[PDB]
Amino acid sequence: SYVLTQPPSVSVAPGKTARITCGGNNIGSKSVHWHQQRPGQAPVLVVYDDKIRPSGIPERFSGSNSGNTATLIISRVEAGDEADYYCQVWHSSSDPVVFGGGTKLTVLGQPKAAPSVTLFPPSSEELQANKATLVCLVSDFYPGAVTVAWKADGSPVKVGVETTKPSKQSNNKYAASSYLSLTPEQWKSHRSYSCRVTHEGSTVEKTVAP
């Protein structure tokens, strides 16, 4: 029941210091180890026993531990340091391996990119099959985080929505998809339906109608 607390996300610009905190009750009295999980690859131990680098880890990786807060410090951070970092301790005989929730470190190694949005209405085929799906496609955005809302006429539609996580494209920008499922009755009952995609505090709206 011992809990290790990490911030879900830290972004940092290249060359600057990335700092990842790990909070726990009396964590200073425990040895802290840090594992790096670069996307797709095997996790790598970057620091163990609070502050010791295994052979092969660059010297820009350092750790601290005192009181209730341990920290992983990555100086002169590089795009390749972009990863999910987990702190970890031994709590007890019956709780020998406890992980933090992980911090996703984003290294902001490219400029911002505002999303392109394509919205498709239900096909006639699908309507004849008695289903209705609206498709909102979102591409070429950076950083890789968007939110997607749907509207009918003018009101929020908070049911029947399925949205993918952002995924990195071949050009290293990101894409996402959102699907709104309706009755073919609903589709015809409303004047219009809208996809609203929000990225960095600005919003794109696309609208379709029967």
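In this text, residue numbers run from 1 along the sequence as written.
A.B. asks: What stretch has the higher average Cα B-factor here, 120-128 or 68-76?
C.D. replies: Averaged over C-alpha atoms, the B-factors run higher in 120-128.
A.B. asks: Out of 109-117 and 130-138, which stretch has the higher average CA B-factor listed in the record?
C.D. replies: For C-alpha atoms only, the mean B-factor is higher in 130-138.
A.B. asks: Which one, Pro143, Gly40, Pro166, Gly28, has the peak C-alpha temperature factor per the PDB entry?
C.D. replies: Among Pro143, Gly40, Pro166, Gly28, the highest C-alpha B-factor in the entry belongs to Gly40.
A.B. asks: Could you tell me which one of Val32, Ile52, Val159, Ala176 shows the highest CA temperature factor in the PDB record?
C.D. replies: If I rank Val32, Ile52, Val159, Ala176 by C-alpha B-factor, first place goes to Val159.
A.B. asks: Hey, what third does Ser155 fall into on Cα B-factor, ranked over its chain?
C.D. replies: According to the entry, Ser155 has a C-alpha B-factor in the chain's highest third.
A.B. asks: Which third of the chain holds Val3 when residues are ordered by C-alpha B factor: lowest, middle or highest?
C.D. replies: Its C-alpha B-factor, which the entry lists for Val3, ranks in the middle third among residues of this chain.
A.B. asks: By its CA B factor, does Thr198 count among the lowest, middle or highest third of the modelled residues in the chain?
C.D. replies: Tercile = middle for this residue's CA B-factor.
A.B. asks: Based on the entry's values, in what third of the chain does the Cα temperature factor of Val148 lie: lowest, middle or highest?
C.D. replies: Ranked within chain, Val148 CA B lands in the middle tercile.
A.B. asks: Using the temperature factors of the C-alpha atoms in this entry, rank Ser9 within its chain: lowest, middle or highest third.
C.D. replies: Middle third, going by the recorded CA B-factors of the chain.
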